[PDB]
């Protein structure tokens, strides 16, 4: 079955995994260096052993593809995956005249009442981002995020490079190119970034009329993070190809620090007790050809039968 690599990945970390503390003071079992292979021509690799919100992946990907960096887009799509990053900025700023919110995300876990207040403030913040246009341009723009790194890389001359754009055009004009690379890592920016990109860089490739992509992930939360990444990128490879009049090849995921947080250990064996069922089929609108124009409705996922969703705590 397609998704097997992920199960084999988890199962392996449990075994060869060596304990190793991390930033968020939770414990984690690690394996450095691992690469897995998914043949995107046998089915979409959206896990069936545990319900994963494809709707989220979808909207988040488009966001990036528009070179967009403001929250508003995701909010106008029910996506809150990036709230904390914007909300945090909002709390450490002059205007935030509310209750205590320092370390909100971590305190929420052992809330004195904090949960209800944080969850409510978030509504207040989100809403105004959504409505107060000036407020949005002030606290909804995260600034440096995958979209602006892929589509608006700021040069040393005050200009912007549309990496992804060109990579696409290049693929069309020189498909056998060895330098079809989009880079999310900027030596100057990470030194002061909240969360330096995890999906560090990816490389395109063509051969026998098929397109392939290799993502280099420096750090991954096997249980929580890794499933989303697979879908996110596996999709990109589908979209890009359609736009190139190319067949679909393989999604290759290379890892730096693949890890499994201790608090996750019980939920993961749980997943390993499940037997994966046939993998869903992705369907892309055949009329629209410029991916940058694809809208939420232009991507369909046929036959996604999955096991109930397994919950687990997030460690910041």
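Residue numbers count along the first chain shown, from 1.
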For the stretches 104-112 and 198-206, which has the higher mean C-alpha B-factor as given in the deposited record? 104-112
Mean Cα B-factor check, 259-267 vs 62-70, entry values; winner is 259-267
Pick out which of 50, 288, 37, 42 has the highest C-alpha B-factor in the PDB entry. 288
In this PDB entry, which of 87, 135, 185, 176 has the top CA B-factor? 87
Would you please rank residue 225 by its C-alpha temperature factor against the other modelled residues of its chain and give the third it falls in: lowest, middle or highest? lowest
Relative to the other modelled residues of the same chain, rank the CA B-factor of residue 309 and answer lowest, middle or highest third. lowest
Can you tell me which third, lowest, middle or highest, the CA B-factor of residue 150 falls into for its chain? middle
By its CA B factor, does residue 169 count among the lowest, middle or highest third of the modelled residues in the chain? middle
Looking at the temperature factor on the CA atom of residue 118, which third of the chain's modelled residues does it land in? highest
